[PDB]
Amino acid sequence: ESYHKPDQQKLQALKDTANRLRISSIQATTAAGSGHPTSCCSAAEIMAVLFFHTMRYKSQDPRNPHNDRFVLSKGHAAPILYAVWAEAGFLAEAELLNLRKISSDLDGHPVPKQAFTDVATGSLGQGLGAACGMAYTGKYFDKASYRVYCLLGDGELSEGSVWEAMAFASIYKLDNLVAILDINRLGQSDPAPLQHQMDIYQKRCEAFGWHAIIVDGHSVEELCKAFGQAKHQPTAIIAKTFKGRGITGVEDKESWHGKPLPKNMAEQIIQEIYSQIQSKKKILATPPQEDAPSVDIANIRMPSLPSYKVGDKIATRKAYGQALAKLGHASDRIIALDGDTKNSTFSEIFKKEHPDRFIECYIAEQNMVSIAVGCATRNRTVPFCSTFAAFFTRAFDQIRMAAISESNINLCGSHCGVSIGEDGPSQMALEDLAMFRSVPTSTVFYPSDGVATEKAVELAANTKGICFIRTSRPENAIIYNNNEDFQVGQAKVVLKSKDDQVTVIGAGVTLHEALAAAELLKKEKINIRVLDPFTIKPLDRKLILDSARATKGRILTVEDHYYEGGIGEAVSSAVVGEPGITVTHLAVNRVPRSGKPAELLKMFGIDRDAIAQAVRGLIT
């Protein structure tokens, strides 16, 4: 646990290592014909000191739960990440030359198909949030000794998501977290705004509650000392570096971001760098203290059936909070995150019952999703984050990168559609189905009553990928019995007869408007089938088609969402070309406005009267 103060030979070996990492970054990107060797070279001493002096990890088991974590937030330096894992003996050195090949897993940016990568980066400014999740988990959940190290670029620090993470780390006293800032003066197409004004970087980090140390980022000695000192808060190592360090004629120059060296130049430069290496002997990694606890990864089962009665009224947003609190007794892995909306999403119910597993993320949806991604790495927790579904659009890039990260997180967005009423469109989620459907690993739950909500929470907990649960503000009736069985991809027909003339597909509030339309239409001797998709993605194509063939081929979809990318388009895409099938679509056609929930459902054509009129038109 004591700092090992390195001797001159260890320091020279660390320099030798840094220069090997430079050579490999050049060799790999020259072989590929693309990549970012100058972004690797500014970080070479940082990487050498982190992996071969400061960090503790099992070199043959990069995912080991006891290891220190490293997050390469500036992911385009991936070639030097691969180089250090070859230097540590995990990767074959020859494989480095296959960078970016379709036959290789050493892809252009890091991805979790690599055993040594937890989260995909590549979209700048997201790695520190993931690192915050890992550090929060290490400190408060695992209660383990591992530390978390996150390397960022300086242009990258213009992303506001970084400063959300900075503030989070100081609020939650993440003394096990270190950010290393590669202040190499340059971004992609110009100098970074602050260039080498190291004092301003320090003042910004200190103002956000971090211990901030300015170092020469090419001094292995200064780096060892800065990483070695006792930590009492999150620590920012602010490293003055030169982009392309060590590449004569390219160091500190513009016009070289993302440009590989041509073969003739790479050969000449590599010879120069090799001439500075004093010994070929490599440093060994040092293994960690193994105090991370075992975690139970068994299937998660609610401790009891939902306790609703048909006819009771409850909003699905409230049912979500009740279900999540119940799920917290079913598994110790469940954690909840929310962005200062816990009294609106009803995640406050989980906080009341399991306060040690609730993370207040404040008004910072970007960071919230990244925290959850970090908490889910190495399967340590099962995260449920919540806010208004509208404000998950604030975090779409984090959610997009979460799927590239093959992350298992759960996201519950409330207040969907116009049915929230008087707040108006800024709070109305009308594009969240389009957004989450376009996330390739996503399962999209749209529970229509309290029972379906509790079952969706339970299914989501056991479902891999990006799970989204769309909850609602109006208090609708329970329609399902408590022992109704639900499955991903299985819809429910909630009203049917042999004389049905249309299959009406609704969800949430429009499912209940469809049921109300059915009772109205029965007064005119018109029966309609009513179908509740349960999951919008994957869609129950078979039950939808079987239903439509029983109702003269006619489908009517009605949704509290815009036309594009929602339920209607999902259904149309599933059934197009099937003989005799037709699809009519009722949705919200423009930015809405303030009014009572029922008034807005009417104004935008998705209430019981609009459904009934649409049905009448189809018959005639």
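Definition used throughout: the rigid core is the maximal C-alpha set that superposes within 1.5 Å between two forms. Numbering starts at 1 and runs along the sequence shown.
**Student:** Would you say which of 224 to 232 and 263 to 271 moves more relative to the shown form in 7 other deposited structures of this protein, going by RMS C-alpha distance with the core superposed?
**Tutor:** Of the two stretches, the larger average C-alpha offset in 7 other deposited structures of this protein falls on 224 to 232.
**Student:** Mean C-alpha B factor from the entry: is it higher for 116 to 124 or for 546 to 554?
**Tutor:** The deposited B-factors put 546 to 554 ahead on the C-alpha mean.
**Student:** According to the deposited model, is the average Cα temperature factor higher in 293 to 301 or in 137 to 145?
**Tutor:** So the stretch with the higher mean C-alpha B-factor is 293 to 301.
**Student:** Specify which of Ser442, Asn476, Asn343, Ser472 carries the largest Cα B factor in the deposited PDB entry.
**Tutor:** Answer for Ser442, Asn476, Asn343, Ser472: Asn476, with the highest C-alpha B-factor.
**Student:** Of the options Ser42, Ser34, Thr582, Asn589, which has the highest CA B factor as deposited?
**Tutor:** Highest C-alpha B-factor among the listed options: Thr582.
**Student:** Can you tell me which third, lowest, middle or highest, the CA B-factor of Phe391 falls into for its chain?
**Tutor:** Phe391: CA B-factor falls in the lowest third of its chain.
**Student:** Tell me, lowest, middle or highest third: where does the Cα B factor of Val373 rank within its chain?
**Tutor:** Ranked within chain, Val373 CA B lands in the lowest tercile.
**Student:** Report the third (lowest, middle or highest) to which the CA temperature factor of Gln9 belongs, ranking only the modelled residues of the same chain.
**Tutor:** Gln9: CA B-factor falls in the highest third of its chain.
**Student:** C-alpha B factor of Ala460, ranked within the chain: lowest, middle or highest third?
**Tutor:** Answer is middle: the recorded C-alpha B-factor places it there.
**Student:** Going by the recorded CA B-factors, say which third of the chain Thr38 sits in, lowest, middle or highest.
**Tutor:** Within its chain, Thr38 is a lowest-third residue by C-alpha B-factor, going by the deposited values.
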